[PDB]
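Just below is one structure, and these are the notes that go with it.
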Amino acid sequence: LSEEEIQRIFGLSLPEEXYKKXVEXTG
Amino acid sequence: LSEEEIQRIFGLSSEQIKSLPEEXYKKXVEXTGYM
Ligand SMILES: [Mg+2]
């Protein structure tokens, strides 16, 4: 999985901004 | 994007999905190519 694919999949520090869009996931 | 889809995409154990944002972050790090 590329960083560009993570942007597309999550609709976007990538790890930090991963964790926050994770939290927004847990609602 | 559901928790179930994220579990499958990143191969997460039943244990890992207890900590989805943290185990997000770690599978984020492995994204960037770091360890
Ligand atoms: Mg937590």
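Chain lettering (A, B, ...) mirrors the order of the structure tokens, residue numbering begins at 1 for each chain separately, and ligand numbering begins at 1 in order of display.
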Considering only C-alpha atoms and all ligand atoms, give me a table of residues in chain B that are at most 7 Å from ligand 1, with the closest atom pair and distance in Å for each, as a Markdown table.
```
| residue | atom | partner | partner_atom_place_in_ligand_line | distance |
| --- | --- | --- | --- | --- |
| B:19 | CA | ligand 1 | 1 (Mg) | 5.6 |
| B:21 | CA | ligand 1 | 1 (Mg) | 6.4 |
| B:22 | CA | ligand 1 | 1 (Mg) | 6.5 |
```
Can I get the selection written as a short mmCIF file (atom, residue, chain, number, x, y, z; two decimals), in the first residue's frame, with N, CA and C atoms?
```cif
data_model
loop_
_atom_site.label_atom_id
_atom_site.label_comp_id
_atom_site.auth_asym_id
_atom_site.auth_seq_id
_atom_site.Cartn_x
_atom_site.Cartn_y
_atom_site.Cartn_z
N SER B 19 -7.29 -1.63 19.72
CA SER B 19 -6.52 -0.37 19.72
C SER B 19 -6.40 0.18 18.30
N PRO B 21 -6.82 3.08 16.64
CA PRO B 21 -6.02 4.23 16.23
C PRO B 21 -4.51 3.99 16.34
N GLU B 22 -4.13 3.23 17.37
CA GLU B 22 -2.69 2.95 17.58
C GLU B 22 -2.11 1.94 16.60
#
```
- [ ] Hey, list the chain B side of the contact with chain A: 8 Å cut-off, only C-alpha atoms, answer as a PyMOL selection string.
- [x] chain B and resi 1-3+20-22+24-26+28-29+31-32
Task: Residue set, chain A restricted to helix (DSSP H, G or I), as a PyMOL selection string - done: chain A and resi 3-10+14-26
- [ ] Using atom CA of residue 9 of chain B and atom CA of residue 35 of chain B as the two end points, give the distance in Å to one decimal.
- [x]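 Rounded to one decimal, the two atoms are 19.2 Å apart.
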